[PDB]
Every structure is written in C-alpha cells, then in structure tokens.
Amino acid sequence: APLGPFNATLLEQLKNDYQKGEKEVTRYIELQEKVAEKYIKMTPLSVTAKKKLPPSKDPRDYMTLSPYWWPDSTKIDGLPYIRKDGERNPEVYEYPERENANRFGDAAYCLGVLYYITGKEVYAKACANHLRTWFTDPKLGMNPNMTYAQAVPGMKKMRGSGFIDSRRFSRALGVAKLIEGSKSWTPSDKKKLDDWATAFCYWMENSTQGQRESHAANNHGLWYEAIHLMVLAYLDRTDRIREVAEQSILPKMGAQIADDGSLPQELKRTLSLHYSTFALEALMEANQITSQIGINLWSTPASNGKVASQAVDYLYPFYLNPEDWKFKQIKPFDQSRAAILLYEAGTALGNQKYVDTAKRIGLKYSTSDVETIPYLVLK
C-alpha cells in the first residue's frame, strides 16, 4: 500500500483477499460498498458555506469556536467567554465547517480506501470530487491555514489550539494518495493538491500558531505531530517523518508519560479517561505512518527510556473496567474506543492480552463508522 494514514497491513490483506475472491472479505467489502453509496450521491462540501465570516472576511478561511468556551452571563455582551473544561458549548454548531470537515473527511476517506481495495473507478471519481472541492478549488477550497480554528470571542491573544481540528480533513489528504493513478485523479489535480499541502505544511511549521502548537505539552502536541506526518507522508517526505518521530514525537511521549505510565497532563482534565485515550490515539495514528517506514512508536524509547507501551499498560485495567477510573471523568467513557487502540498497540507490541481484549470489545460488523473499515479483524 502507498504511504498513508491507515493500517497498511490490514488494507493490503483486505485487497489481497478481495482480489483472491475469498468469500468472507468479499461479503464484508460488499457491505462497505452498500454503506459507501451515500458518499457517491453526497454533494461536495466547502468551508465557504457559511454566513458569519472570519475577521479576514474570507469565506475560504476555516473557522470554528473553541468547544469549552461559553458566553459569560455576568457581562453585558457576554464577553470575554469563559472556559468550562469538558462542557461543549452548542454554539460550536453555528460554524458549519465543524461538522462539515467530519462529513467531507469521512466521505473521501471511505471512498479512497474502497477504491484502493476494489480498483473501481467510480470510487476514485467520487473521492476526487470531494478532494477538489474541499482543498484546491479556486472558489470553494479552503485556504491552507488554521488561523481562525477554535477561536474564542473576546480573547486578546491568538492561540494554536484549534490546529487539532485539522485531523478531520488531514486523513482525507493522505487518502488522496490512494486514488493517484485512477483516471479521475489527473496530473493537474495532483499538482494543485501537492501545492496546497506544501502551503499548508509551511503554515503549520512557520506561523506563530503552528509553532506554538508544535510545542504544546499535552495531547495537542502529539496530535499536531500526527497531523504533520499525514501531511508529510502525503508529500512523500520520508526523511522528515523520521526526523519528526525522533526530534519531536518521542521527546513528547518521554515528557508526557510519567514513571508510572499515567499521562499527568490529561489526568487534570474533567474528561481525564477520554483525554488519556485521545493522547494515545494521536500516537496510534502517527505510528500507522512511522511504522510504514520501519519506526515503531509503541516500543521505541524516548531518550529517558520511557516507551508508549507504558501508557497503554497503565490504562489497560480501566479499559476492562471504566468504572474503576479514579480521576475526573464528568461524562461516561465509551469503552469501544479501546478496541482499535488496543488492537493497534497490541499487534505492534506482540501483546496478545491486548489483542484478545480488542476482539472481545469488538466493533459492530455492520457499523458504518468509516474509521473502522480496515478492522474486519475486529468484526
């Protein structure tokens, strides 16, 4: 499989078995095709489909509201907003790109994978429609930046915390590699997309906000690097992947994993079992890329000897029994997120206790969650 943001081992195996005619996978892939049909009929989304404009007055600028920041009732205009960690302000849904980057990202990702597996041009044609409109179109494509992501009304300074929104459309960026070579993805489509990705990469690395986010001390810094690897893997910059893992990702695990394997930065959140998992999910998606060039982030130590497997170890008992979690978790923790996480980390580590638990937790065979497409092995 081409370098991209997915378990390439599971993807190749599915492509093999579908091409060999194996009945189980063929049944499973045909189910996926029935699910994928809405993405073929779906109209391409754009970040420009919004009424309230960013300070730039450019509808091509991505803007969302930071989810935990609420109008302050004791102020006449409600400004400046105030933070309530863990409580999502429904005002976020007044920004169309919040949900639309998920919908677009889901649409293009599923179509791109099904194209890789089946070789059917109808899926590349659909994926390319979504990729053109979201990214590169001279009127509908988003500008390559995240200046106004997770804005906070009344905040004086500019922050880089919104960059984490980028994960919703950056996985679709990588999956564009899978439709290269289809008749629908022309040389011109690739060059424009390459050019956008290069420009988005520059912004990530050189803007003040991108820089700040690259230094974040919690799961934001990890997710920044996972997004970075998707952009770099798309651009086929393998040495930069190697440098990012050794000079940024591993120091970050080494600093954020404590001697007992907990993640202290996530423990102090109101959703500490969710955010502990969310940090490891950054590592999981980064590792899907690093391991394709021979770097295993689960077992490779940071310079102080810490290994990300220690963090899974710490959480594994609570994945068996979430009610035992002793830190603040003001909403129920969805145990299903542990399945893919424990399967990814289990196989990387040869830890069958982890792999066994992933299958027991399992995923619903017929679910349409697109991130679960590769994991027949769990279904």
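Don't overthink the numbering: it's just position in the shown sequence, from 1.
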### Query
Between 335-343 and 56-64, which has the larger average Cα B-factor in the PDB entry?
335-343
### Query
Should the higher mean CA B-factor in the entry be assigned to 258-266 or to 143-151?
258-266
## Note on the structure
Reading the B-factor column for Cα atoms of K156, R212, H228, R98, the highest value belongs to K156
### Message
Sorting by Cα B-factor within the chain, modelled residues only, which third would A348 end up in: lowest, middle or highest?
### Response
middle
### Query
By the record's CA B-factor, is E121 among the lowest, middle or highest third of residues in the chain?
middle
### Task
Determine, from the deposited record, the chain-internal third of the Cα B-factor for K183: lowest, middle or highest.
highest
### Record-listed C-alpha B factor of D72: chain third
highest
### Query
Lowest, middle or highest third: where is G221 by C-alpha B factor in its chain?
lowest
